[PDB]
Amino acid sequence: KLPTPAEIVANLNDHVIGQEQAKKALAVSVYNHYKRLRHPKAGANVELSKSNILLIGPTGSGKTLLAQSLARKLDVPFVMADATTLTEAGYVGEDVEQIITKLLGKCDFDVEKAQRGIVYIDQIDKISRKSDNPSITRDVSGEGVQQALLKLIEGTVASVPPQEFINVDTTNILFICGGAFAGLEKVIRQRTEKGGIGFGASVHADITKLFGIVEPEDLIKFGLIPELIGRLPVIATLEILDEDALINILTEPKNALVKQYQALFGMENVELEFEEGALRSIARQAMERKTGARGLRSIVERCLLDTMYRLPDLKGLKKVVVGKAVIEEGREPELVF
Amino acid sequence: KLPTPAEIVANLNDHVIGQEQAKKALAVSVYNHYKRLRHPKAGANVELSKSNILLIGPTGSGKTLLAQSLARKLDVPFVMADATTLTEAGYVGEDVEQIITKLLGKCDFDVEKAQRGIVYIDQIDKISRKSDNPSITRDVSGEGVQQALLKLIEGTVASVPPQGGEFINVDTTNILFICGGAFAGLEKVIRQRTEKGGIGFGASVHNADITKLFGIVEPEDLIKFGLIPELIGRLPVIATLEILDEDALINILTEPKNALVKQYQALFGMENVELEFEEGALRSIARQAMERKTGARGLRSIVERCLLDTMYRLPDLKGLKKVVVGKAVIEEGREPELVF
Amino acid sequence: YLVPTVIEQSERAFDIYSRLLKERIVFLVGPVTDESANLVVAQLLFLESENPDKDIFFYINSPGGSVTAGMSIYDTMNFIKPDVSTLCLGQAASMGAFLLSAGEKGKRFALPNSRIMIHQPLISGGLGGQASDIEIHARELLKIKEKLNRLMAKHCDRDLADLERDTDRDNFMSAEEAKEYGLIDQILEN
Amino acid sequence: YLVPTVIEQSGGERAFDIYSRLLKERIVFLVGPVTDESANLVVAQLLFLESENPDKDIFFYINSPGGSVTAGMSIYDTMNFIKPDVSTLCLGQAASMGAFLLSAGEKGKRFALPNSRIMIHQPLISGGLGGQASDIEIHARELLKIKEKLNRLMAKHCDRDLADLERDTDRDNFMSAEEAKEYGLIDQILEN
Ligand SMILES: Nc1ncnc2c1ncn2[C@@H]1O[C@H](COP(=O)(O)OP(=O)(O)OP(=O)(O)O)[C@@H](O)[C@H]1O
Ligand SMILES: Nc1ncnc2c1ncn2[C@@H]1O[C@H](COP(=O)(O)OP(=O)(O)OP(=O)(O)O)[C@@H](O)[C@H]1O
Ligand SMILES: [Mg+2]
Ligand SMILES: [Mg+2]
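Conventions we followed
Within each chain the numbering goes from 1 in written sequence order, not necessarily matching the entry, and residues lacking coordinates are not shown. Written order determines the labels here, with chains lettered from A and ligands numbered from 1. Scope of values: limited to the chains shown, which are part of a larger assembly. As a convention, hydrogens and water are excluded, and side-chain values are obtained from all of the structure's heavy atoms. Any pair of residues with heavy atoms lying within 4.5 Å of one another is described as a contacting pair. If even one non-hydrogen atom of a residue comes within 4 Å of a molecule or strand, that residue is called near it. Whenever a nitrogen or oxygen atom comes within 3.5 Å of another N or O atom, the pair is scored as a polar contact, on the condition that within protein one atom can donate a hydrogen and the other can accept it, and that pairs from neighbouring residues in sequence are kept only if both atoms are in side chains. In these tables, accessible area is a Shrake-Rupley quantity obtained with a 1.4 Å probe, and a residue counts as shielded only by the protein chains included in the view. Buried residues are those whose accessible area, probed at 1.4 Å on protein chains only, stays under 20% of the maximum for their type, while exposed residues exceed 50% and partly exposed ones sit between those limits. Secondary structure elements follow DSSP: runs of H or I of four or more residues count as helices, runs of E of two or more count as strands, with numbering from the N terminus. Once two parts are brought into contact, the accessible area they lose, counted with a 1.4 Å probe and summed over both, makes up the buried area. A pairing counts as a salt bridge when a side-chain nitrogen of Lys or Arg comes within 4 Å of a carboxyl oxygen of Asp or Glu. When residues are grouped by polarity, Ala, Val, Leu, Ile, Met, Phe, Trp, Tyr, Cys and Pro land in nonpolar, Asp, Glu, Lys and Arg in charged, and all others, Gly among them, in polar.

### Quick notes on the arrangement of the chains
Summarising the chain contacts, five pairs of chains touch, and the pair with the most contacts is chains A and B. With no contact between them, chain B and chain D keep their nearest C-alpha atoms 25 Å apart.

### Brief notes about the site of ligand 1
Residues and elements named next belong to chain A. Lining the immediate environment of ligand 1, one finds 17 residues, of which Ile 17, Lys 63, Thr 64, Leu 65 and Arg 294 sit closest. One of the side-chain N or O atoms of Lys 63 is found 2.6 Å from an oxygen atom in ligand 1. The contact in question runs from an oxygen atom of ligand 1 to an N or O atom on the backbone of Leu 65, over 3.0 Å. When the free accessible area of ligand 1 is taken as 630 Å², the share hidden by the protein chains comes to 81%.

### Some thoughts on helix α14 (residues 297-306) of chain B
Counting buried residues along α14 of chain B, eight of its ten residues qualify, which places the element largely inside the surrounding structure. For α14 of chain B, the complete set of buried residues consists of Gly 298, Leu 299, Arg 300, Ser 301, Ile 302, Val 303, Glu 304 and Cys 306 of chain B.

### Regarding the interface of chain B and chain C
If you look at the interface, chain B gives six residues, while chain C gives six residues. Summing the contributions of chain B and of chain C, the shared interface buries around 550 Å²; its carbon and sulfur component is 76%. The interface formed by chain B and chain C holds zero salt bridges in total. Across the contact surface, chain B and chain C share one residue pair in polar contact. Across the side of chain B that touches chain C, the residue classes tally to three nonpolar, three polar and no charged.

### Notes on the pattern of salt bridges
The final tally for this structure, using the stated rule, is 54 salt bridges over all chains. The partner of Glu 25 of chain D in a salt bridge is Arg 21 of chain D, with the nearest N and O atoms 2.9 Å apart. Judged by its relative accessible area of 41%, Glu 25 of chain D is partly exposed. Because the salt bridges share partners, they merge into one network encompassing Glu 243, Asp 244, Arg 280, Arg 284 and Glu 328 of chain A.

### Observations regarding the side chain of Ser 202 of chain A
All names here are of chain A. Topologically, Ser 202 is positioned in the loop between α7 (184-192) and α8 (207-211). Taking relative accessible area as the criterion, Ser 202 reaches 18% and is therefore assigned buried. The residues contacting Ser 202, other than those within four sequence positions of it, are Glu 193, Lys 194, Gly 195 and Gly 196.

Pasting the structure below:
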């Protein structure tokens, strides 16, 4: 049978911490995707159209990680495209049909399976015309790609080179767009918060609360053409990771950062052990970098730099303990021989 | 014989909800074109210009539906082109002659039928003129496509590949062109032409009402948008689509063969759960979708985010038979009433 | 006084009061005169044209002034479409308190240590000449007195008899007393 | 007086009078008597600076012999309302409402220069007391309420009892920067 959305999320909880709304949206979309695939196509039955998703989240929130984790239990072809490599039809670069080309190459060019696949288009915010209005000049990397995707996101017939062009119907192909709309928080704040000067006016961020109230009007003001937003009905938002989520990210996931470094020290014969206050200090310091969970690596690498430098030289070392003072102060971790 | 405008619109109502003025305009123009071709006594001094149609309107207003319904009813060589794929002849992409090639393929390459068919071109607002380029080698995707398209819209002869792998000469004097697109800068162009306002006690002072703005479009406004004047002069008929109101959105939500309500009821029919919407729920869904400014496309987003906390649980909830979506589920953060 | 110049990023150089007018802030500072009241009227008319829907913020720090001058502001506030929110800074006395209470109901504010004073009008003009002239000016002053008390009673949701008692002599009120009276709706702190 | 013009280097040049140039650095001056017009300029500058940056401190330089209580209260309530801390500094003198606004600065950020003079006292006439005895009674009661309000707010600023401020503001109480620091009017004395 089909895996329920709860099971799909249970597969995502192993790699992604938090972001329950985005995981629930992705699970429901994949479940409805399967149901469309097995629904009868002809007869008195209504034809089910797809509901695409737009992943909006800050840097290091888990968009690409959500897609990679979802791709492990799909049972249908899947690719991760890059919008920064896309271009208009008449200019150099990859055309939007290369997305179908990659999805087709994943399945041995079996069109019947490629037409039932899922596509994740990363960096969808990097093709946004910053103008909010018609671009004064050809935006070959931006607005033009948005226009070329309208037929691709919706149902059309893609003509791609062979493995003699191949016709691929993109009507049942689910598209999951994602990107870190950096300047979107200012647009949402200007629309909702009555900012200004004087008493009775708002003075200024809370990117989580702002993204939780995002509307197509803000995405239009950011630089997405309304025709593309209308084809991305589901808008799943990812929250900025708090001090309590950044602690669980360090230890809980399958490929957690602490586990990665315990394995690096496992290539030697030395055990690496962290303390609770150490993990909390690492999370609170990474919070200040405004880089998401990517900042935890900058702290664990800075504090373990000298230790990893001396690790292959120290003989008889059996265990390294990283305390709270090692993070907040430039101390050396306790070496156990 | 020739389906009359009353018959044309009476069958456009089966697929397009609302936009009555545009359905009348398209039906009258198509009937006049076909009758004019059948009675070429207008060879007299009267130069009845080819009554091409420009179909402007917001996103999700039903441009691409009017084209398809007009196509499948008229029983005539009809092609749906996308200006996003069009390019200048000397560069990669589809030159404007591929449209005539598709028109021939739609009629078994019998050029006598293709020369009297219809050509629909979507997203024609995407090939507008722009300043000299960033992305500068040649503005290939822009004005060049407009000129190559103008050379077809006015009476010319195209050379296209044969029926098999000897080119065919196709005269497009009698081919009707219906161009459409969501001109996103047109409301600002019009609002600069007007919206003078005023100040003082005895002066009238005053979201853009793009409905009445689109209803007062002038050819010069489209020229400012980036369209060449010689193309607008060849598009005398301008059909405008209004923003779908609450009632039209409700009808779209329930009446069509592939309505959202029926789509989700069948989506729950893969399980054994009945889905039922209240009249107030449909009213609030239509209102919230109209507030998103995406047309009928903003209807699916509402119905999807209101049922998200339910589709996540349907396979886990056993004994469930019916789910009722009320006005509270749409307007408030409530859960639909589960009937076990 | 030297009015400071500030730079708005968009650069445009404003004096600080024109910069605040760009934010829909109108100041009534000092006595209410024909000239100071007409500047307020000019700003209220201008702001309605810029945006008839957005609130206008009318900051009042005034000991009073001419009744006719204050009435030009008052009728302009009520006429124009946008709500005129009023805020008492330092003091709103006499016609200043009248214009403060004249703000849109629910949007009349005062700062915590502001002083609000209401009272019957004094001379709207001298009473010289003959007894017939003095009778005329006395009757006109009484009509103004009744008109002010009637409009004040309407602003405060009180009876006309209450305003007639309370405006007999200078009635000084804290921000809390003015809120309880009905002159203002809220007291701002942060 | 001729206010000098200075040039600010930027990404180009912008010519300021020297006071607008210092306002760009979040420095607001209260110089001379506190009037409706001079107080409203301070309020306008405080409101403007909050919008430019709600988090950065505002530096309120005070060289004032006093002035109107209501005018000073417009500054006082604006200082307490706006989000950014208003640091106060006494240059030359802070007397009467000038000393009140000096003590009104953010606790820990109230400064005075080493030879500045700070004077606190009960208010004088907030307005004449003419007319009939009923009018004089009203104005006397209002002045007493202002006197109590000022002493109460001063006692709060200085972390002292209301009874202490009532004694010390009875007549003109002149204080050096050190005496004002010991009293609780200022927090620090600047030297370099
Ligand atoms: N919610 C999360 N749970 C677990 N790990 C996370 C999470 N968010 C980020 N990470 C860590 O950050 C790394 C990269 O994060 P990811 O690429 O998903 O961020 P992103 O949203 O794609 O950022 P950007 O928007 O800049 O592309 C991963 O290797 C992962 O270990
Ligand atoms: N007038 C209408 N009547 C019925 N359904 C409509 C109407 N307008 C939009 N829809 C619904 O919206 C969907 C797509 O609309 P359509 O593609 O016609 O909009 P469009 O004008 O092509 O938008 P765009 O200009 O962005 O391409 C259809 O599946 C249809 O169900
Ligand atoms: Mg990524
Ligand atoms: Mg379309």
